[PDB]
Structures are given as C-alpha cells and as structure tokens.
Protein chains: 2
Amino acid sequence: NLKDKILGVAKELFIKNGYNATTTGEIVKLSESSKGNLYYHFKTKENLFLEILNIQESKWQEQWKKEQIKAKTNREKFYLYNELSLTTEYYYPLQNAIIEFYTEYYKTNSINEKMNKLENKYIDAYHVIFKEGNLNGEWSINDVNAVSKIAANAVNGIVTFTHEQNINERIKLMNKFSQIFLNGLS
Amino acid sequence: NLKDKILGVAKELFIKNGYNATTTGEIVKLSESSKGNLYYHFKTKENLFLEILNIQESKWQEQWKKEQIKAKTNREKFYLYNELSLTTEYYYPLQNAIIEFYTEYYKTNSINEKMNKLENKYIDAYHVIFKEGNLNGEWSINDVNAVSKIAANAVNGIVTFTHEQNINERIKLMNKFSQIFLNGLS
Ligand SMILES: CN(C)c1ccc(C(=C2C=CC(=[N+](C)C)C=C2)c2ccccc2)cc1
C-alpha cells in the first residue's frame with residue numbers, strides 16, 4: 001500500500017507537472033514514504049514511471065475488453081480500436097509525461113528494453129484482431145506479426161502528428177485509414 | 001558565421017536533446033555568441049525552432065527531387081518516398097522535438113502561421129504523387145488531400161516509433177505498408 005500510494009501520488013504529480021519537473025523528493029514527501037522505501041520499490045524515477053505506464057497499460061487493456069462488445073466482427077474491432085486510441089489520447093492526462101519520458105530515454109537501450117515489452121502489449125491487441133480475422137475469413141494475412149506492428153505504428157502516427165484539426169475531422173481521417181488499410185489486405 | 005552557427009547548434013541540440021531540454025542558454029554557451037542576436041528572425045524559441053524545421057524540410061524535399069527519378073511509376077514514387085524517409089538525415093530526425101513542441105506552444109496563434117506552411121510541404125510530396133497517379137490512371141482517389149495527410153502521418157508514425165530496431169526490419173515493414181496502403185486505394 002505504501003507502494004500503491006507512491007504509484008498513485010507519483011501519477012498525479014507527473015500529470016500535474018510532467019515527467020521532468022517531478023522529483024522523487026516530492027513523491028517521497030507527498031506519499032509520506034522515504035527515499036529508502038522508494039529506492040527499494042523502484043530504484044529510479046525512470047523505473048517508477050515505467051511501472052505506472054505498465055499499470056495504465058492494463059487499465060487500457062481492460063477498457064478495451066469491455067468496449068469491444070460494440071464491435072461484432074474483426075473488421076469492426078479494427079475500426080473501433082483505432083477510433084478509441086485517437087479519442088482517449090486527446091485527453092489522456094499522462095500524455096504529456098509520456099512524450100517527455102519517451103523523447104528522453106528512447107536513445108538509452110536500458111530504458112528502451114522495458115519500453116519494448118510495453119509497446120508489444122499494445123500491438124498484441126492488433127495481433128489478436130488480425131489473427132481472429134483469419135479464422136473468420138474476413139481477410140487472409142501471411143504474417144500477422146508484421147501487419148500488427150505496421151497498423152499499430154501507422155495508427156499512432158496518424159494520432160500523434162495530426163494534432164491540428166478539430167477532433168471531428170480527425171475521426172473521419174482515422175476511419176478512412178481503417179477503410180483503406182483493411183482494403184489493402186483482403 | 002553567427003546567425004548560421006545558431007541554427008546549427010540549435011538544430012544539433014533540438015535533435016539530440018529534447019525540445020524543452022534545449023534552451024537559449026545552451027546555445028550561446030556552445031555557440032560562443034550573445035543572447036541578443038536572437039530577435040531579427042528569432043522572436044522566440046518557437047520561431048527559432050519553426051525556422052530550423054522549415055529549413056530541414058527543404059533539405060529533405062531537395063534530396064527527394066534528386067532521387068525520385070529512380071522511380072518510374074508513381075506507384076514506385078510512393079514506395080521510394082516512404083523508404084527514403086527511413087534513411088534520410090533530414091527533417092525526420094526532429095519528429096521527436098516536434099511532438100514535444102506540439103504539446104506546449106500549440107496554444108499561441110502568431111506561430112501557427114509558419115506552422116501550417118510547413119505542414120504543407122509535409123503532405124505536398126504525397127499530393128503530387130497521388131494526383132499524378134490519378135492522371136496515369138494508376139488509381140482513382142476522389143479525396144487526395146485526405147489520403148495525402150493520412151499517408152504522410154502513417155509513414156511518419158512508422159519512421160518515428162521504430163527508430164531503435166534493426167534498420168533492415170524497418171525498411172521491410174515500411175514497404176509492406178506501402179504495398180497495403182496502395183493496394184487498398186482501388
Ligand atoms: C493512451 N494510449 C491508448 C496510448 C498512448 C501512447 C501510445 C504510443 C505508442 C505508439 C506506437 C506503438 N507501437 C506500435 C510500437 C506503441 C505505443 C506512443 C505515443 C507517443 C509517444 C510514445 C508512445 C499508444 C497508446
């Protein structure tokens with residue numbers, strides 16, 4: 001719980017001041033813990049952050065599990081999962097901390113190892129869709145693993161670098177992408 | 001020179017270190033200059049950045065012209081563009097700094113002028129390609145501007161969120177994408 005409290009407090013601080021501005025001092029002092037207990041649970045700020053990301057990751061996966069009930073077929077799932085990514089990220093509180101963190105340790109192979117396992121989970125979602133799609137003749141894909149990585153990265157770019165138009169138009173583009181990409185399969 | 005050494009050290013900084021991580025101070029310190037010269041064309045960190053950006057975009061659009069000839073059919077122009085994006089040393093190595101910058105100075109307006117101008121050269125390459133493809137009957141797109149934006153961003157996603165894994169796999173993935181995207185256009 002002292003650990004859970006650290007995670008909880010830390011999260012709010014990152015949300016409030018981004019990754020860089022947040023100090024383990026604050027986290028310690030605000031969660032009424034100690035540098036010693038923090039170091040024992042996470043060693044470094046980098047790591048602490050990574051765990052929070054892991055936890056958020058599971059919340060997302062859990063939200064998806066419930067949200068996909070609105071999408072019957074796998075082609076629909078693809079449409080919905082992308083839509084979701086776009087909208088949720090628009091107002092995700094940690095988004096800012098993530099950017100900071102990401103663009104700081106993406107050069108360091110150390111803090112890039114754990115980051116991979118995390119991203120893979122995110123891709124996994126797609127792997128599932130395309131695979132279940134094969135068992136339903138919605139499409140026939142030779143190597144799911146490749147397409148999955150492609151969709152995941154193409155969708156995120158469309159999400160990250162689109163920042164400029166009204167959310168309404170964004171969805172339209174995102175859905176157009178789904179349409180096209182799903183059509184480039186078959 | 002002076003004004004150029006700025007854009008130089010500034011660029012080298014914006015890439016290696018993040019956007020926020022780089023400051024006017026670090027400049028003059030490694031640029032051996034003053035903190036006042038920054039004003040005639042550099043009204044703020046933004047303009048200095050939005051400037052270096054535009055410059056690099058040009059550096060990239062230049063290489064593209066000198067090399068696009070290797071591709072005959074527009075279907076090839078598309079593939080070559082996306083492949084080159086992965087190997088260039090222009091503009092793309094700043095996407096990080098860019099993301100970051102888009103989560104801070106995206107409220108002001110006096111900047112969104114130089115901004116959108118640059119977001120044009122970004123999708124223009126695709127506008128030409130797709131359009132010239134409508135003539136040669138290589139495909140039929142009745143919404144070039146949309147598809148253009150979609151592709152530019154999708155591709156940018158692939159370049160950016162893979163910069164850490166085998167450059168060979170990168171090219172492989174990128175081409176597998178171009179194939180699918182194009183195959184989904186008709
Ligand atoms: C809040 N939310 C749902 C999400 C939040 C972030 C991501 C991201 C990402 C991009 C490409 C990935 N791939 C394909 C390796 C994995 C993750 C991501 C976006 C910007 C910077 C770093 C990573 C995804 C979903």
# chains A, B, ... in the order shown; residues from 1 in each chain; ligands from 1
>>> interface_residues(of="chain A", to="chain B", cutoff="10 Å", atoms="only C-alpha atoms", output="count of residues only")
51
>>> residues_around(residues="stretch 128-141 of chain B", least_positions_apart="5", cutoff="8 Å", atoms="only C-alpha atoms", output="PyMOL selection string")
chain B and resi 74-75+77-78+148+185-186
>>> residues_around(residues="residue A:26", least_positions_apart="5", cutoff="9 Å", atoms="only C-alpha atoms", output="ChimeraX atom specification")
/A:10,13,31
>>> write_last_selection(atoms="C-alpha atoms", output="PDB file, in the first residue's frame")
ATOM      1  CA  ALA A  10       3.558   9.875  -8.399  1.00  0.00           C
ATOM      2  CA  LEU A  13       2.440  14.610  -9.920  1.00  0.00           C
ATOM      3  CA  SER A  31       3.172   9.977  -0.151  1.00  0.00           C
TER       4      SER A  31
END
>>> closest_residue(among="A:82, A:175, A:110, A:88", to="ligand 1", atoms="only C-alpha atoms and all ligand atoms")
A:88
>>> select_by_dssp(residues="chain B", states="helix (DSSP H, G or I)", output="PyMOL selection string")
chain B and resi 3-16+24-31+45-70+74-87+92-101+112-135+144-160+167-183
>>> closest_residue(among="A:27, A:6, A:86, A:144", to="ligand 1", atoms="only C-alpha atoms and all ligand atoms")
A:86
>>> atom_distance(atom1="atom CA of residue A:64", atom2="atom CA of residue A:48")
24.6 Å
>>> residues_around(residues="residue B:54", least_positions_apart="6", cutoff="9 Å", atoms="only C-alpha atoms", output="MDAnalysis selection string")
chainID B and resid 91 114:115 117:118 121
>>> atom_distance(atom1="atom CA of residue A:84", atom2="atom CA of residue A:49")
23.5 Å
>>> atom_distance(atom1="atom CA of residue A:53", atom2="atom CA of residue A:22")
15.5 Å
>>> residues_around(residues="residue B:3", least_positions_apart="2", cutoff="10 Å", atoms="only C-alpha atoms", output="PyMOL selection string")
chain B and resi 1+5-8+31+33+37-38+40-42
>>> write_last_selection(atoms="N, CA and C atoms", output="PDB file, in the first residue's frame")
ATOM      1  N   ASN B   1      30.067  31.835 -39.502  1.00  0.00           N
ATOM      2  CA  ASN B   1      29.107  32.974 -39.412  1.00  0.00           C
ATOM      3  C   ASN B   1      28.597  33.099 -37.974  1.00  0.00           C
ATOM      4  N   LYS B   5      25.524  29.725 -37.249  1.00  0.00           N
ATOM      5  CA  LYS B   5      26.043  28.856 -36.206  1.00  0.00           C
ATOM      6  C   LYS B   5      24.946  28.603 -35.176  1.00  0.00           C
ATOM      7  N   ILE B   6      24.025  29.558 -35.054  1.00  0.00           N
ATOM      8  CA  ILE B   6      22.895  29.435 -34.133  1.00  0.00           C
ATOM      9  C   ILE B   6      22.028  28.285 -34.630  1.00  0.00           C
ATOM     10  N   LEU B   7      21.478  28.464 -35.828  1.00  0.00           N
ATOM     11  CA  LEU B   7      20.630  27.462 -36.463  1.00  0.00           C
ATOM     12  C   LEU B   7      21.339  26.109 -36.454  1.00  0.00           C
ATOM     13  N   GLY B   8      22.668  26.147 -36.446  1.00  0.00           N
ATOM     14  CA  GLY B   8      23.443  24.924 -36.426  1.00  0.00           C
ATOM     15  C   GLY B   8      23.440  24.270 -35.058  1.00  0.00           C
ATOM     16  N   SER B  31      27.721  28.074 -28.698  1.00  0.00           N
ATOM     17  CA  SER B  31      27.715  28.817 -29.950  1.00  0.00           C
ATOM     18  C   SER B  31      28.682  30.000 -29.893  1.00  0.00           C
ATOM     19  N   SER B  33      28.494  33.165 -28.573  1.00  0.00           N
ATOM     20  CA  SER B  33      27.854  34.368 -29.083  1.00  0.00           C
ATOM     21  C   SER B  33      27.214  35.183 -27.963  1.00  0.00           C
ATOM     22  N   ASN B  37      21.338  38.589 -30.224  1.00  0.00           N
ATOM     23  CA  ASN B  37      21.210  38.466 -31.667  1.00  0.00           C
ATOM     24  C   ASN B  37      19.913  37.760 -32.052  1.00  0.00           C
ATOM     25  N   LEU B  38      19.383  36.966 -31.126  1.00  0.00           N
ATOM     26  CA  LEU B  38      18.144  36.226 -31.349  1.00  0.00           C
ATOM     27  C   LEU B  38      16.941  37.152 -31.276  1.00  0.00           C
ATOM     28  N   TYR B  40      15.956  39.301 -34.706  1.00  0.00           N
ATOM     29  CA  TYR B  40      15.635  39.776 -36.052  1.00  0.00           C
ATOM     30  C   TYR B  40      14.717  38.814 -36.805  1.00  0.00           C
ATOM     31  N   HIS B  41      14.977  37.516 -36.657  1.00  0.00           N
ATOM     32  CA  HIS B  41      14.185  36.466 -37.310  1.00  0.00           C
ATOM     33  C   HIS B  41      13.698  35.474 -36.242  1.00  0.00           C
ATOM     34  N   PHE B  42      14.357  35.512 -35.085  1.00  0.00           N
ATOM     35  CA  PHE B  42      14.045  34.629 -33.965  1.00  0.00           C
ATOM     36  C   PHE B  42      13.376  35.396 -32.826  1.00  0.00           C
TER      37      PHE B  42
END
>>> decode(residues="stretch 58-117 of chain B", atoms="C-alpha atoms", output="mmCIF file, in the first residue's frame")
data_model
loop_
_atom_site.group_PDB
_atom_site.id
_atom_site.type_symbol
_atom_site.label_atom_id
_atom_site.label_comp_id
_atom_site.auth_asym_id
_atom_site.auth_seq_id
_atom_site.Cartn_x
_atom_site.Cartn_y
_atom_site.Cartn_z
ATOM 1 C CA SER B 58 13.621 21.914 -47.609
ATOM 2 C CA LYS B 59 16.840 19.983 -47.144
ATOM 3 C CA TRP B 60 14.663 16.866 -47.360
ATOM 4 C CA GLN B 61 12.411 17.957 -50.232
ATOM 5 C CA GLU B 62 15.637 18.702 -52.084
ATOM 6 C CA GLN B 63 17.055 15.183 -51.702
ATOM 7 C CA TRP B 64 13.712 13.787 -52.775
ATOM 8 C CA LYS B 65 13.891 15.612 -56.140
ATOM 9 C CA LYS B 66 17.419 14.465 -56.854
ATOM 10 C CA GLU B 67 16.484 10.887 -56.087
ATOM 11 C CA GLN B 68 12.864 10.405 -57.023
ATOM 12 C CA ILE B 69 13.920 9.726 -60.616
ATOM 13 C CA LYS B 70 14.944 6.229 -59.572
ATOM 14 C CA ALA B 71 11.195 5.611 -59.502
ATOM 15 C CA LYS B 72 9.287 5.400 -62.765
ATOM 16 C CA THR B 73 5.640 4.676 -61.987
ATOM 17 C CA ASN B 74 4.066 6.810 -59.264
ATOM 18 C CA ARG B 75 3.305 3.533 -57.525
ATOM 19 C CA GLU B 76 7.094 3.457 -57.176
ATOM 20 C CA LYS B 77 7.369 7.091 -56.171
ATOM 21 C CA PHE B 78 5.223 6.246 -53.153
ATOM 22 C CA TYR B 79 7.387 3.284 -52.046
ATOM 23 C CA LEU B 80 10.622 5.185 -52.607
ATOM 24 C CA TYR B 81 9.416 8.157 -50.627
ATOM 25 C CA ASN B 82 8.427 6.102 -47.590
ATOM 26 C CA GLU B 83 11.721 4.056 -47.808
ATOM 27 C CA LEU B 84 13.850 7.175 -48.090
ATOM 28 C CA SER B 85 12.041 8.726 -45.123
ATOM 29 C CA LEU B 86 13.522 5.948 -43.012
ATOM 30 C CA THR B 87 17.096 6.539 -44.153
ATOM 31 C CA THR B 88 17.339 10.295 -44.556
ATOM 32 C CA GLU B 89 19.174 12.598 -42.208
ATOM 33 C CA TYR B 90 16.734 15.407 -42.902
ATOM 34 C CA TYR B 91 13.683 16.650 -41.033
ATOM 35 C CA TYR B 92 12.638 13.243 -39.704
ATOM 36 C CA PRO B 93 15.315 13.180 -37.012
ATOM 37 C CA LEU B 94 13.412 16.074 -35.397
ATOM 38 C CA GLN B 95 9.961 14.470 -35.233
ATOM 39 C CA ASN B 96 10.619 13.907 -31.556
ATOM 40 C CA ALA B 97 11.375 17.505 -30.730
ATOM 41 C CA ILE B 98 8.344 18.257 -32.867
ATOM 42 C CA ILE B 99 5.853 16.074 -30.910
ATOM 43 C CA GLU B 100 7.061 17.718 -27.735
ATOM 44 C CA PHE B 101 6.756 21.205 -29.167
ATOM 45 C CA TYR B 102 3.219 20.396 -30.250
ATOM 46 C CA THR B 103 2.262 19.836 -26.624
ATOM 47 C CA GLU B 104 3.266 23.273 -25.402
ATOM 48 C CA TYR B 105 3.348 26.086 -27.932
ATOM 49 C CA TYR B 106 0.178 24.852 -29.660
ATOM 50 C CA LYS B 107 -1.969 27.496 -27.988
ATOM 51 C CA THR B 108 -0.382 30.640 -29.444
ATOM 52 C CA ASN B 109 -1.519 31.821 -32.884
ATOM 53 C CA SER B 110 1.148 34.131 -34.302
ATOM 54 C CA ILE B 111 3.171 30.953 -34.734
ATOM 55 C CA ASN B 112 0.520 28.769 -36.368
ATOM 56 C CA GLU B 113 1.328 30.807 -39.479
ATOM 57 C CA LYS B 114 4.840 29.496 -40.113
ATOM 58 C CA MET B 115 3.470 26.245 -38.716
ATOM 59 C CA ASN B 116 0.772 25.290 -41.209
ATOM 60 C CA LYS B 117 3.002 26.482 -44.043
#
